[PDB]
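>>> sequence first, structure after; it's an experimental one.
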Amino acid sequence: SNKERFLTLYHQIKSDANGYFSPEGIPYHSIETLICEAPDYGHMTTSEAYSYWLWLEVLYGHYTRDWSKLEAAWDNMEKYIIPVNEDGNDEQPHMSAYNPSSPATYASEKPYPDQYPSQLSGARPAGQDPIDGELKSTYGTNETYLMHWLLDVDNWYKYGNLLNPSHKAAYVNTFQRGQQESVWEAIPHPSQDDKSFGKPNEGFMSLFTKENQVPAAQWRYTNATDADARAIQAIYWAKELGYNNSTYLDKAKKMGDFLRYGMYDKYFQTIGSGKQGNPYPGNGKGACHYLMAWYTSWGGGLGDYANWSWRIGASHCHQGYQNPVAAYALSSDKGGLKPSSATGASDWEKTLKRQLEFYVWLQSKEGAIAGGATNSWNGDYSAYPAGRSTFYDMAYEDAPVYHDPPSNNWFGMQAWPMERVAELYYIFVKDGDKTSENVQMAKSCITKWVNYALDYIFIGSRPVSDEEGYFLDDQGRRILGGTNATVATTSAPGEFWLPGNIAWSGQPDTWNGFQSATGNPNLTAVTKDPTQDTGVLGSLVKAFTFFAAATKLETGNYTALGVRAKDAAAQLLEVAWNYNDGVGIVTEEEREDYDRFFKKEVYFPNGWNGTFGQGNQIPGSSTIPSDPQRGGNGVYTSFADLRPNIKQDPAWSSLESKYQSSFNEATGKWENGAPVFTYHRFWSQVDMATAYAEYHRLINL
Ligand SMILES: OC[C@H]1O[C@@H](O[C@H]2[C@H](O)[C@@H](O)[C@H](O)O[C@@H]2CO)[C@H](O)[C@@H](O)[C@@H]1O
Ligand SMILES: [Ca+2]
Ligand SMILES: [Ca+2]
Ligand SMILES: [Ca+2]
């Protein structure tokens, strides 16, 4: 039974014997250590993993009627990854000295990491923060109650935890150098930078910014907007399923209140003001785009001589980070998590609508959801290109935030958000709303999406594909998007296949409202790269499950497509069960990208030497000059040279041997097989567990 499968997997995730959690009760990114993808080591963790943990405990708590584990997980999150410490040392010193009339100092982003550090020029004065005052008034504090995105759970980078030294799990930053800094190209550095590592007198600050004084010791946290929102989404479900401890409900509210910082342009510039390359500061809420941008970041001085702090929003918004279930939870009486601030609920209400419009606007001619938009073209408020489509005066982006790899190519970026739009369709209908613009947008988007996705889901059959990843039809032709895609298949009992990536081209038409939507005939998703990602399966199953369920609440029966989505969910669940290895539902994956452990592509500026967390001098001697075409002048070292303790990993030998014996450094190609791995990712196993659970809850009953 699906209930039983849910409980089984839940116990496999929680078991001390399996190693999904650290000795301190903190979920890791993955049981395995040698992995690199967003976190760059498997025993980092993320705010995403914490949010998934909460989701898992919500469903389990509903089944056992005991909420103690949900509460314990929230306390753990609070203790280790939210940098607010009522009691011990202040984890945001000098946040009180924040100046909401000058939230931060402008610096340009750059098209390559090679062009960093960027000058803190204050070229563009920052606009007004219009929520700081409400938050202070509501909570008696402006300490940001959001999860930092990245935690070094085993202190693998050896920075320690400056402001809470008895905690082994330490706050760490990576990404900080623009769209071309892949996970392989970032330099891990402590969130709390007392300059005891990095360059003497400078810490790591001078990799990223330059200014005319010596950088003070300082701290810097950065959230992920989909993580905190998924925490709130989990608390929404708990409350719907009977949870009602105020102490924790109110903590989710407070989290949603601070998450509003994700709705603001990076430097509080008026939305649209950079369209012609001359931005200007926002007044009131003029810098509020009402979307979740990729992050909000906050920082300040360390020590008695550094009494300042700052905030940034973000200008780039990615469809895959919007969470309109959280927005609903935070904005309506039926959602149940309205904040007590003066405009928290009403800002989230606008956001819910704006997120739904964004999905409709971005939906390709065939039904897939294109990338997003920005208020800062090239991250320096460049004029938008002639003819660029816009959404509320923000420029369309096919790969918001990151380009290596392009951030909306991964099919996971379809499943994740479409799962939540499906949830919201269900929620609206169950709350008695068949008529609002909001349910019509949600429904229209998800109905088209489900149609789209079902062409590339294969259960008990293996799709035919070419050596470049394209799906082929029965005549052997590449299928290059379009509706009614007919993929050729062979019989393959017990296998499943999902799409891996999308190649995007074209643009949506400029947004004019839902009543004028064009169907984006010049926006094309080519779906490719058949794979067996069990994380994506779990997320998809839930999208199909909630969507089916909604169609039956709406109409009394499963609609035509409701039936197909229900059957796809059930079939995926049944085949997936065979891939349980006793620890997780898993499959083997090839990682052709793992030549980037070794490639010399980690940039350091000229004249910069310092000490890495692991003790090694960086950049050190194992370097090549940076590429003049990327506009820097500095050097590259490798991922592996920067992190010498990786050579101590038990899997390191076999990876290096495989690289030696198979990768051709001249052609850039794996000739004799790419490295292969079988990974037990926390988020992925939770997406699987929760898929069995919700099928039982919504379909079995
Ligand atoms: O960065 C998004 C998401 O990536 C996850 O890893 C994916 C990766 O993007 C894809 O190209 C790869 O080959 O499949 C994996 C596994 O699902 C990663 O697990 C997440 O933390 C991350 O948020
Ligand atoms: Ca804390
Ligand atoms: Ca790059
Ligand atoms: Ca209580």
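Received, thanks. Numbers count the residues shown, from 1 in each chain. Ligands and ions are numbered 1, 2, ... in the order given.
>>> how about residue 325, what does it touch?
For residue 325, the contact set (Cβ atoms under 8 Å, 6 or more residues apart in numbering) comprises 233, 236, 420, 423-424, 427. C-beta: built from backbone N, CA, C; applies to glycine.
>>> kindly reformat those residues as TSV containing distance to ligand 1, secondary structure and neighbour count.
Shown next, in TSV, are the contacts of residue 325 (distance: Cβ to the nearest ligand atom, whole Å; DSSP: H, G, I helix; E, B strand; the rest coil; neighbours: other Cβ atoms under 10 Å):
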residue	distance to ligand 1	secondary structure	neighbour count
233	16	helix	27
236	21	helix	25
420	15	helix	31
423	19	helix	27
424	21	helix	29
427	24	helix	26
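>>> all helices of the stretch 51-200 of the chain, in order?
Secondary structure of the stretch 51-200 of the chain (DSSP state H, counting those that start in this stretch): helices at 68-80, 132-139.
>>> closest one to residue 568 among the ones you listed?
Taking Cβ to Cβ, helix 68-80 is the member of those nearest to residue 568, at 30.3 Å.
>>> right, is that closest one up against ligand 4?
No: using Cβ under 5 Å from the ion, helix 68-80 stays clear of ligand 4, coming no nearer than 8.8 Å.
>>> and that helix, how far out from the chain's middle?
21 Å (Cα atoms, centre = their mean, to the nearest Å).
>>> any buried residues in that helix, and which?
Of all the residues in helix 68-80, those buried under the rule 16 or more other Cβ atoms under 10 Å are 69-71, 73-74, 76-80.
>>> one more: stretch 266-285?
266-275, 279, 281-282, 285.
>>> show me which pair in the residues you listed is furthest apart.
Largest separation among the buried residues of stretch 266-285 by Cβ to Cβ: 275 and 285, giving 18.5 Å.
>>> now the closest residue to residue 367 other than its chain neighbours: how far from ligand 2?
Nearest in space to residue 367, with sequence neighbours left out and distances taken as Cβ to Cβ, 6 or more residues apart in numbering, is residue 452 at 2.9 Å. As judged by Cβ to the ion, to the nearest Å, residue 452 and ligand 2 stand 42 Å apart.
>>> same check, this time on residue 58
The value you get for residue 58 to ligand 2, if Cβ to the ion is used, is 21 Å.
>>> which stretches of the stretch 401-550 of the chain form helices?
Going by DSSP H, counting those that start in this stretch, the stretch 401-550 of the chain shows helices at 412-430, 437-454, 534-555.
>>> could you dump the ones you listed into TSV with distance to ligand 4 added?
Converted to TSV, the helices of the stretch 401-550 of the chain look like this (distance: least, Cβ to the ion, whole Å):
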stretch	distance to ligand 4
helix 412-430	26
helix 437-454	33
helix 534-555	30
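>>> next, count neighbours for the closest residue to residue 241 other than its chain neighbours.
Leaving aside its sequence neighbours, residue 241 sits nearest to residue 62 (Cβ to Cβ, 6+ apart; 4.2 Å). Other residues within reach of residue 62 by the criterion other Cβ atoms under 10 Å amount to 19.
>>> and the residue nearest to residue 367, what is it in contact with?
For residue 452, counting by Cβ under 8 Å, 6+ apart, the contacting residues are 366-368, 483, 525.
>>> if you set the cut-off to 6 Å instead, what comes out?
Going by Cβ atoms under 6 Å, 6 or more residues apart in numbering, residue 452 touches 366-368.
>>> tell me the one of those residues nearest residue 546?
Looking across the contacts of residue 452 and measuring by Cβ to Cβ, the closest to residue 546 is residue 367, at 17.1 Å.
>>> quick check, the closest one in contact with residue 447.
No: contact criterion Cβ atoms under 6 Å: residue 367 and residue 447 do not qualify, at 8.8 Å.
>>> so how far is residue 525 from the residue in the stretch 301-450 of the chain positioned nearest to ligand 1?
Distances between the stretch 301-450 of the chain and ligand 1 by Cβ to the nearest ligand atom are smallest at residue 410, namely 4.4 Å. To residue 525, residue 410 is 13 Å away according to Cβ to Cβ, to the nearest Å.
>>> the two: which has the busier surroundings?
residue 525 (26 against 20).
>>> next, count neighbours for the closest residue to that one other than its chain neighbours.
Once flanking residues are discounted, residue 525 sits nearest to residue 368: 3.5 Å by Cβ to Cβ, 6+ apart. Neighbour count of residue 368, defined by other Cβ under 10 Å: 27.
>>> and residue 133, by the same measure?
Using other Cβ under 10 Å, residue 133 has 14 neighbouring residues.
>>> do you know how far it is from ligand 4?
29 Å.
>>> one step back: in the sheet, who's paired with the closest residue to the residue of the stretch 301-450 of the chain closest to ligand 1 other than its chain neighbours?
Spatially, and ignoring its direct neighbours in sequence, residue 410 is nearest to residue 501 (6.0 Å; Cβ to Cβ, 6+ apart). Here residue 501 sits in beta bridges with residue 410, residue 528, going by DSSP bridges.
>>> quick one, what contacts residue 501?
409-411, 528-529.
>>> go on, residue 123?
residue 106 are the contacts of residue 123 under Cβ under 6 Å, 6+ apart.
>>> how near is it to ligand 1?
According to Cβ to the nearest ligand atom, to the nearest Å, residue 123 and ligand 1 sit 31 Å apart.
>>> may I see the buried residues of stretch 645-654?
Buried residues in stretch 645-654 (16+ other Cβ under 10 Å): 645-646, 649, 652.
>>> swap in stretch 211-225?
211, 215-225.
>>> residue farthest from the centroid of this structure?
Using Cα atoms, centre = their mean, the residue of the chain lying farthest from its centre is residue 475. It sits 38.6 Å away.
>>> what about the residue in the stretch 151-300 of the chain positioned nearest to ligand 2, how many residues close to it?
The minimum distance from the stretch 151-300 of the chain to ligand 2, using Cβ to the ion, falls at residue 164 (7.3 Å). Residues near residue 164, counting by other Cβ under 10 Å, number 19.
>>> what do you get for residue 200?
11.
>>> in three-state terms, how would whichever residue of the chain sits closest to ligand 4 be classified?
In the chain, the residue that lies nearest ligand 4 is residue 247 (3.5 Å; Cβ to the ion). Applying DSSP: H, G, I helix; E, B strand; the rest coil to residue 247 yields a three-state assignment of helix.
>>> any idea how many residues pack against it?
By the measure other Cβ under 10 Å, the count of residues near residue 247 is 8.
>>> show me the contacts for it.
Neighbour list for residue 247: empty [criterion: Cβ under 6 Å, 6+ apart].
>>> separation between it and residue 25?
Residue 247 is 20 Å from residue 25, by Cβ to Cβ.
>>> how far away is residue 177 from residue 402?
If you go by Cβ to Cβ, the gap between residue 177 and residue 402 works out to 11 Å.
>>> I should have written residue 38 there, sorry.
10 Å.
>>> over to residue 141?
Relative to residue 402, and taking Cβ to Cβ, residue 141 is found at 33 Å.
>>> higher neighbour count, the two?
Between residue 141 and residue 402, residue 402 has the larger neighbour count (other Cβ under 10 Å), namely 20 against 15.
>>> excluding chain neighbours, give the residue nearest to the more buried one in space.
residue 179 (5.8 Å).
>>> with residue 57 instead?
Nearest to residue 57 is residue 70, by Cβ to Cβ, 6+ apart, at 4.3 Å.
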